[PDB]
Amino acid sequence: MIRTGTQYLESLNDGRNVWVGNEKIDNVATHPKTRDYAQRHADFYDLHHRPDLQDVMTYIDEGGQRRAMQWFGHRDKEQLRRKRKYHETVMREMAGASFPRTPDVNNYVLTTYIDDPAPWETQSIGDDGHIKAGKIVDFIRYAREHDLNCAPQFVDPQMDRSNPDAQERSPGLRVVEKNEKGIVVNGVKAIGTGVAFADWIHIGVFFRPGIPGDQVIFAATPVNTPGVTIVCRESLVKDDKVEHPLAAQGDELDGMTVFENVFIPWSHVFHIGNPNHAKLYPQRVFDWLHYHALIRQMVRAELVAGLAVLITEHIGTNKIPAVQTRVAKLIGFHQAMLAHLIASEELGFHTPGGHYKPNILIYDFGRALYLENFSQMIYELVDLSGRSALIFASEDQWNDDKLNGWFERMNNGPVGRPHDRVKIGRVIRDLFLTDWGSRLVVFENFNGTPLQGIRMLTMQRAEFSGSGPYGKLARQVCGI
């Protein structure tokens, strides 16, 4: 049976060691700084039990068990679109894609292991044959069985970008002890999203020139593993849900994980020791976060275009021709994201293990296109609003016997409903003019590497050549 939100909230009180800013958290489920986002994860579990949402949110496995669609493997295009429809519905149900690391996103990358588990084993170095491909699949099947949230921590510390030789002093997680039972790791996974809210840490690494084998670690450990400390930025959750209808729903915390001589049994180790394996295989893990990112980009673009339509109608600028072509840019951006999502699904291919994967070039350049344009799209939405994005009644001002009459008249545009402008303003302010909204903009910018990173890695991986089928047309037109 599928986990409930109540079971998830109970499970959070497991002794995990967690800083949120200056404070220690006794219980992530109940602490003021964490309880609203924890309840957003609780809401995610409870969506799967809804009889009205069952056909979208669940599937019947070959054994006849109803399971959550976060565990659904896609082997053709129809099945990919069914998975995409699930992810899309989850983000619409949760404050218009305002919580981008729900468990469905975290656990999606596990499919790279399921698809082709052998290389993780065969390419391992210094494990003395202890790592079994069979044991990776058994862990992922365990996660599925208990609807466990595995939060992915791969990225390096941002220590010193001047040196290629600065991966020896780096506090990056290292294997300090290999024995008969497992590994002992010491150091830091420098960055992760929502680990304080997860069940297990999915530990990984990306290749950087000169990475030592003792820092090449793929594994899983519980969030309450002795020697694990979760260290998070201050919570940006807001007290008043009337003034802050989105930001009061909770803050998806980011931070680092300190490992103090942490023991991981070989059963929960996926791969150690091979920098060459860390070149391509970790990209294949993160490809699924990258495809999902496009589903989010389409939904964010749709929300932004909708808010521009609502605000320009409510202040009455929507028929001004020069405003009409500015709304067109925000609508065209949404259509562009939609087009990349649909085309990447059309031009997909089968992986080694028979999973259907969307076209890498289309979704990854679709991500570059979003990051290139998104700050300008935020500028357009806010600029189109005028003052209505920020200078609007608080609720007790609106309802005051003296002020009400003035506010109703000041907000009386062509689609009447004066208070609706305050509702639009609250959402624009929360999304784009609060620390809470700013974190999400920063998250979109970095989580999948920033623009100059997406372009570089996309070119390195594609290995585009004048002699390859790109330059076919150019060579023919040139007489070459």
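Numbers for residues come from their place in the sequence shown, where the first is 1.
Asker: Highest mean C-alpha temperature factor of the two stretches 222-230 and 273-281, which is it?
Answerer: Per the PDB entry, the higher value belongs to 273-281.
Asker: Would 129-137 or 248-256 have the larger average of its C-alpha temperature factors, as given in the entry?
Answerer: Of 248-256 and 129-137, the stretch with the higher C-alpha B-factor average is 129-137.
Asker: Looking at the C-alpha B-factor values in the deposited entry, which of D199, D400, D116, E345 comes out highest?
Answerer: Answer, based on the entry's C-alpha B-factors: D116.
Asker: Taking the Cα B-factors listed in the entry, which of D165, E380, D147, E372 comes out highest?
Answerer: In this record, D165 carries the highest C-alpha B-factor of the candidates.
Asker: Using the B-factors in the PDB entry, rank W288's C-alpha atom against the chain and give the third, lowest, middle or highest.
Answerer: Middle third.
Asker: Rank-wise, by C-alpha B-factor, drop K85 into the lowest, middle or highest third of its chain.
Answerer: Middle third.
Asker: Compared with the other modelled residues in the chain, in which third is the CA B-factor of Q54?
Answerer: According to the entry, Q54 has a C-alpha B-factor in the chain's highest third.
Asker: By the recorded C-alpha temperature factor, relative to the other modelled residues in its chain, which third is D430 in?
Answerer: Lowest third of the chain for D430's C-alpha B-factor.
Asker: How does the C-alpha B factor of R40 compare with the rest of the chain: lowest, middle or highest third?
Answerer: It belongs to the lowest third of the chain when residues are ordered by C-alpha B-factor.
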